[PDB]
Amino acid sequence: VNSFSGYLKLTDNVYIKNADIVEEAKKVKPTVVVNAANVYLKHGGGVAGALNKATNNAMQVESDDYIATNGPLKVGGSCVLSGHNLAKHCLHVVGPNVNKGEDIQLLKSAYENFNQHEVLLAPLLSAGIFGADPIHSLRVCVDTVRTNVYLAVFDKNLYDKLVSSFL
Ligand SMILES: O=C(O)c1cnn(-c2ccccc2)c1
């Protein structure tokens with residue numbers, strides 16, 4: 001048993017809810033919250049801007065130190081950093097940004113990072129301002145992630161479309 005409430009069960013391991021991932025993290029304080037990161041860990045907008053704002057910019061300060069030491073992530077890659085006031089850990093995952101021309105085949109590699117963690121609270125990778133089709137992102141998630149993933153979908157309209165079109 002875990003603390004996640006109000007989710008619709010899609011598969012053995014994938015759950016979904018219409019929720020603000022920031023508000024959900026603040027309420028649950030999960031072991032792992034996933035950030036929709038870019039390779040520079042520049043948390044300007046979308047999910048990353050919202051998570052970082054909720055940390056009072058502490059996520060960005062930690063991220064800048066990480067990049068100064070390690071250099072940029074790979075598209076499809078990840079790193080584990082603090083979850084600050086939102087979670088124990090933040091798994092920063094870089095899905096391909098379609099609005100920058102990145103190979104959508106890298107979305108499966110991105111979701112494979114989730115398999116290193118038993119339970120996660122996550123957004124749909126490469127959705128929103130990353131430009132991918134969220135229906136596709138949910139299918140790759142279901143077909144790739146084997147650990148228990150709780151998906152927060154901000155937009156109620158999109159949530160309902162994802163549920164009603166799910167195979
Ligand atoms: O609410 C969300 O989490 C979400 C993810 N993707 N999108 C979205 C919004 C507009 C156009 C494409 C995707 C919304």
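Residues numbered from 1 in each chain as written, not as in the entry; some residues may be left out. Heavy atoms only, no water. Residues with missing side-chain atoms left out of burial classes, pairs and counts.

1. Some thoughts on the pattern of salt bridges
Next, step 1: Under the counting rule described, the total for this entry stands at four salt bridges.
Next, step 2: Its salt-bridge partner being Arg-139, residue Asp-143 comes within 3.0 Å of it at the nearest N-O pair. Here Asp-143 and its partner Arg-139 are both found in helix α5 (residues 134-144), four residues apart, which amounts to about one turn of the helix. (Salt bridge = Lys/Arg side-chain N within 4 Å of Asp/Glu carboxyl O. Helix = DSSP H or I, 4+ residues; strand = E, 2+ residues; numbered from the N terminus.)

2. Considering the packing of α5 against helix α6 (residues 156-164)
Next, step 1: In contact at an axis separation of 10 Å, α5 and α6 are set at 55 degrees when each is read in the N-to-C sense. When the interaxial angle is binned, α5 and α6 end up oblique. Regarding α5 and α6, the two cross each other, and that crossing is right-handed. Every residue of α6 that contacts α5 at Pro-134, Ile-135 and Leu-138 is listed here: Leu-158, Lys-161 and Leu-162.
Next, step 2: Residue composition of the contact of α5 with α6, grouped by class: five nonpolar, no polar and one charged. (Axes fitted to C-alpha atoms, helices over the stretch in contact; angles between N-to-C directions. Parallel < 35°, antiparallel > 145°, perpendicular 65-115°, else oblique. Left-handed = near helix turned anticlockwise from the far one by under 90°. Contact = heavy atoms within 4.5 Å. Nonpolar A, V, L, I, M, F, W, Y, C, P; charged D, E, K, R; others polar.)

3. Focus on the state of the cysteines
Next, step 1: Under the counting rule described, the total for this entry stands at zero disulfides.
Next, step 2: Take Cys-90: it sits in no disulfide, and the sulfur closest to it among the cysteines is that of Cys-79, at 7.9 Å.
Next, step 3: A relative accessible area of 0% means that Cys-90 is categorised as buried.
Next, step 4: Note on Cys-141: no disulfide assigned, nearest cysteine sulfur contributed by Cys-90 at a separation of 16 Å.
Next, step 5: Under the relative-accessibility criterion, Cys-141 is labelled buried at 0%. (Disulfide = S-S within 2.5 Å. Buried < 20%, exposed > 50% of the residue type's maximum accessible area, 1.4 Å probe, protein only.)

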